[PDB]
Each structure stands twice: as C-alpha cells, then as structure tokens.
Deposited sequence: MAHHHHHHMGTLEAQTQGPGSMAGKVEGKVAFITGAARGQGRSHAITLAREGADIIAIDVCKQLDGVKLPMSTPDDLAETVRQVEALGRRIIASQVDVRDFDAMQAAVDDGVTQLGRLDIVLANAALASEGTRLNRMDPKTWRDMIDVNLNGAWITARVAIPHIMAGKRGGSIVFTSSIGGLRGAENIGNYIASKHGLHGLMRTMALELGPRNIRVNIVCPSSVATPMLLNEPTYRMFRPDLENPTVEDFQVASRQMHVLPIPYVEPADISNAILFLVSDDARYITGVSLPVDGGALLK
C-alpha cells in the first residue's frame, strides 16, 4: 500500500523537471495523475521550454508504473482551459485529492528600476495568478470528495527573501505565501491542508543553463563553486527528488495536521 494509494493529484508544469519528478513519485506511491504543461515557447522566454513530446514522456513514465494519467497542454494563465482540464480529468479519474502548483517562469533578470511593465506583469501572471487559478479550478473537486486533501504551492527561498536582478520572480513568490495562508485558513475546516515548499536551487533546466551560470559570475563547475557558497550543507543545489520527497511527506498521513507552513528544502541557504 503506497502513501497516496487510490488518490488523484493535479500537477502543473508536469512536462519535465520537478513537475515530472512529482508525477512519478506520487504515481510510484499509488496516485493517478492529472498533468498539465503549457508545452510551447512563450514570447520573451530565452531558454528552451517544454515540448508536447516532453509531456508525453512524463505520461509514458507514469503509465510504466501502472497508473493512469490524463495530460494536456494548458497555460496556467488560461482560466477556462484550466477549468476544462481539471474538470475532464476528474470526470475520467473520479476524484481529486492533491494539487501541486509547480508551473513557473524564471526571471530573465533586469533591475526593477529598469524593467518594463510587460516583463513584470507576465511573471506575476504566470507565477502568482496562475498558481491561484490552479487551486481555484481544483478546490471544488477536492471539496466534492468530502475526504479533505492537500494543496502544495512551490515557492522558492526567494519567496522568503529578496535577490537582486530577479525582483518580479521574488515578488511573485512572496505573493504565494499570502495565497497559501488565506487558502489554508479558508479550507482548514474542510480538512484541506495548504502548504508551501521553498527550494533553494534544483537541478532542472530552469537552473542548469548558461544564462544562470553567467548570473552567478562560466562552465557548470564555475557555477557549482559559487552555488556551494550559498549553501550551508556542502551542496550546489538539491535534486528534483528532494522536493518530491518533501511533498510526499506533506501529502501523506504522517503529515495529516501540518498546514499553513513554508518548508525550505535549501541546504541551509536561508541561514545566511
């Protein structure tokens, strides 16, 4: 009997990286999956974004574990598309227990006094408004099940402290802590727990790119020596599995009374 046996989880940004890792982790532990990813290169985004074939690979991996998955290409900003995806997913699978609001854009990096309004607005829209949309379309289905459930937003240590050059990302992530606290207060009586995980740096294509290395100074090793200095434990970053394992704890029975919390998985970065 897996830790989430028979449950259904809705996961955004499931085509690669942490989102994929959560999908396979929860599936391995007995959950069926409603997965979305935008699967397209958004205007103004520099590095390669997930493709449909990436999402199809998440699908093949979940199915290999013996679980069902309903996947679609949806932008978290498109309220009607998000509503249709979760609605169709619950129709297929019969329930909804867990929501992992994980989809996000990383900052291109501009001082806030230099940034133009579209660059600020789009980041807030994906990372904050899209996170609210994700929970908003899913909650009615969790409530209909009458068994409680779990919502986890992925924030960042930049949800708890500032950083130069990425202020739009930083503000979007701070906003998630407000969303998390209200929703935890509103849904507590329904036994739906709402928490945040705050990674420092995670080995995914969001981090492991030439533009990021430059922002830390350059090879990956050049980057790793500077990344290590940000951590207290002797690591450059954590693995997607570390975030998935924290999330697995939070959605399990063992964490039944934990709500309203922001859990850093950051090798001690917040300490300094």
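Peer 1: For this chain, which runs of the deposited sequence have no C-alpha coordinates, given in order from the N-terminus?
Peer 2: Model skips 1 to 22, 240 to 244 of the deposited chain.
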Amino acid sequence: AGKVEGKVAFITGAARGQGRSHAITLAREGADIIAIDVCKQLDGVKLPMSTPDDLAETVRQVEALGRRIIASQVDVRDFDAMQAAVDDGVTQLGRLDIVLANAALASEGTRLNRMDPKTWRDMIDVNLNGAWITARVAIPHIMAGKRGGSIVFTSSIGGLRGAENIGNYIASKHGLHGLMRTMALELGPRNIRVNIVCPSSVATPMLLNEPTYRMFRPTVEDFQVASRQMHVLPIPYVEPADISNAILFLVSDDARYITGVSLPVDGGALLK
From here on, numbers count along this sequence of modelled residues.
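Peer 1: Should the higher mean CA B-factor in the entry be assigned to 110 to 118 or to 145 to 153?
Peer 2: On average, C-alpha B-factors are higher across 110 to 118.
Peer 1: Averaging CA B factors per stretch from the PDB record, which one is higher: 49 to 57 or 235 to 243?
Peer 2: Here the higher of the two C-alpha B-factor means belongs to 49 to 57.
Peer 1: Looking at the entry's B-factor column for C-alpha atoms only, identify whether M82 ranks in the lowest, middle or highest third of its chain.
Peer 2: CA B-factor rank for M82: middle third.
Peer 1: Quick one: classify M183 as lowest, middle or highest third of the chain based on its Cα B-factor.
Peer 2: Answer is lowest: the recorded C-alpha B-factor places it there.
Peer 1: Per the entry's values, where does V265 land by CA temperature factor relative to the rest of its chain, in the lowest, middle or highest third?
Peer 2: Lowest third.
Peer 1: Could you look up the Cα B-factor of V90 in the entry and say which third of the chain it sits in: lowest, middle or highest?
Peer 2: Tercile = highest for this residue's CA B-factor.
Peer 1: Please say which third, lowest, middle or highest, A71 falls into when its CA temperature factor is compared across its chain.
Peer 2: As the PDB entry reports it, the C-alpha B-factor of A71 lands in the highest third of its chain.
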